[PDB]
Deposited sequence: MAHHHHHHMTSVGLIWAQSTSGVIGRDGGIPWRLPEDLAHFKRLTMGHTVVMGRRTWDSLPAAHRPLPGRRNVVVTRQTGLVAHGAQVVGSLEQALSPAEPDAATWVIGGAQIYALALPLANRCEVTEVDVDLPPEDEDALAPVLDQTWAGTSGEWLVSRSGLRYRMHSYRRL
């Protein structure tokens, strides 16, 4: 349903090579270069996230500055300030390039509607654990390109993949 709307809908996430995106209510690695990449791609745009991701943000970073923060929840509203709440992904997207920034539940809702995915792969050894949030799997409707492996100042290797709907 990526052509049920006019504005581009992009998913953006970072994952380990094993496909983990979240653990224990947070992200189980630190990668400053990915944060800068995420900031450059999203600055000045609407960012849409699930409520658990909203609550996972450290207070210094909530709301994400310089972006319209939209939080998808079934609740009437939120205790933590700075978001616009909506009750569905469709309400998040219209009116409106909108970035869906996680987590796994909101990626699953948005994947059928998305035109683009921007993935950072982090070469950190994290065998998936029972409660982990995992990255969405991309099917045959996506075409991708991949950048070279880069080395972070902290020593972790990482790289970016970019997918567009065929």
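Q: Missing C-alpha stretches, by deposited numbering?
A: Those stretches are 1 to 3, 100 to 103, listed in order.
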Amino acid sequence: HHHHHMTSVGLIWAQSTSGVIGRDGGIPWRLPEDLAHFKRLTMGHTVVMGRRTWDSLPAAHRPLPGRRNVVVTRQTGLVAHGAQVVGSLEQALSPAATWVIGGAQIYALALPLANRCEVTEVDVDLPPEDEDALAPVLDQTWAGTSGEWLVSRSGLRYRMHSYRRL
From here on, numbers count along this sequence of modelled residues.
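Rigid core: the largest C-alpha set superposing within 1.5 Å between the two forms.
Q: Superpose by the rigid core: which stretch, 54 to 62 or 99 to 107, shows more Cα shift in 5 other deposited structures of this protein?
A: Looking at 54 to 62 versus 99 to 107 in 5 other deposited structures of this protein, the farther one turns out to be 54 to 62.
Q: For the stretches 109 to 117 and 130 to 138, which has the higher mean C-alpha B-factor as given in the deposited record?
A: It is 109 to 117.
Q: Regarding 29 to 37 and 54 to 62, which shows the higher C-alpha temperature factor on average in the entry?
A: The entry gives the higher C-alpha B-factor average to 54 to 62.
Q: For the CA B factor values reported in this entry, which option in 47, 104, 97, 124 has the top one?
A: Out of 47, 104, 97, 124, the record gives the largest C-alpha B-factor to 97.
Q: Compare the C-alpha B factor of residue 147 with those of the other modelled residues in its chain, then answer lowest, middle or highest third.
A: Its C-alpha B-factor belongs to the middle third of this chain's values.
Q: Thinking about Cα B factors across the chain, which third does residue 161 belong to?
A: Lowest third.
Q: Can you tell me whether residue 15 has a C-alpha B-factor in the lowest, middle or highest third compared with the other modelled residues of the same chain?
A: Within its chain, residue 15 is a lowest-third residue by C-alpha B-factor, going by the deposited values.
Q: What third of its chain, lowest, middle or highest, does the C-alpha temperature factor of residue 75 fall into?
A: Ranked within chain, residue 75 CA B lands in the middle tercile.
Q: Please place residue 89 in the lowest, middle or highest third of its chain according to the CA B-factor in the PDB entry.
A: Within its chain, residue 89 is a highest-third residue by C-alpha B-factor, going by the deposited values.
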